[PDB]
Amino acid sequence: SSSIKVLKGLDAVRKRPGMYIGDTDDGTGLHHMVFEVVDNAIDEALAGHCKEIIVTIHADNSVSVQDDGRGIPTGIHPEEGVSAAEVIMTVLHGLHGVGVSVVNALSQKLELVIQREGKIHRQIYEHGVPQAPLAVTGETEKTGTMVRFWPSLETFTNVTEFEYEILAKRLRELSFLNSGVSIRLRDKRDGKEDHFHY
């Protein structure tokens, strides 16, 4: 029932993305993809477990968000028989707080790395669909969640390149609204970076 329902959700967002992420031509939906993911990292900081969030603009016009929180739980849900991470990355829930599955749905590719309980876990998605169940790839002393997404050029036209200043404005805004949380923005394309703390 869950697999069928998840795919209905991804299909729903694919066909009517204006209802979930916003305008797909003018760049406002493309940048909102970043802010949805960052918002999830801010929830983990507001729970008191994350101190630093790193937002990177990569050269291939993908964006990663890294937190040093406790990592998305990896335990296979007894209920629907897949990692809790995959439930969070794929299940749907106005045009704010839309859930990370929307970003996943409208991403050509999405990379999940979780560090938790001594192990690194990795998963790949294409258009919201897991390539393989979450899997252990190594060990670590660290904790946190890293999400990197390549926006679908099926979904996004005209403004397809992330603009530093637009991410910079909102991240500085988010650090003002959530005192304590530290945010790094880094552009791999030209080396630019900022640090937002209030």
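Superpose the two forms; the largest set of C-alphas matching within 1.5 Å is the rigid core. Each residue number is its position in the shown sequence, starting from 1.
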For this session: After fitting on the rigid core, pick out whichever of 103-111 or 71-79 shows the bigger RMS C-alpha deviation in 5 other deposited structures of this protein.
Result: 71-79
For this session: State whether residue 128, though modelled here, is left unmodelled in a third or more of the other entries compared.
Result: no
Exercise. For residue 118, does the count of other compared entries lacking it reach at least a third?
Worked result: no
Exercise. Unmodelled stretch from the deposited sequence between residue 93 and residue 94, which bin: none, 1 to 3, 4 to 9, 10 or more?
Worked result: 10 or more
Exercise. In the PDB record, does 41-49 or 64-72 carry the higher mean Cα temperature factor?
Worked result: 41-49
Exercise. Mean C-alpha B-factor higher for 25-33, or for 136-144?
Worked result: 136-144
Exercise. Residue 111: which third of its chain by C-alpha temperature factor?
Worked result: lowest
Seminar exercise, completed: Split the chain's modelled residues into thirds by Cα B-factor; residue 88 lands in the middle
Exercise. Ranked by Cα temperature factor within the chain, is residue 103 in the lowest third, the middle third or the highest third?
Worked result: lowest
Problem set entry | residue 181 by Cα B-factor - lowest, middle or highest third of the modelled chain | highest
Exercise. Against its chain's modelled residues, does residue 19's Cα B factor rank lowest, middle or highest third?
Worked result: highest
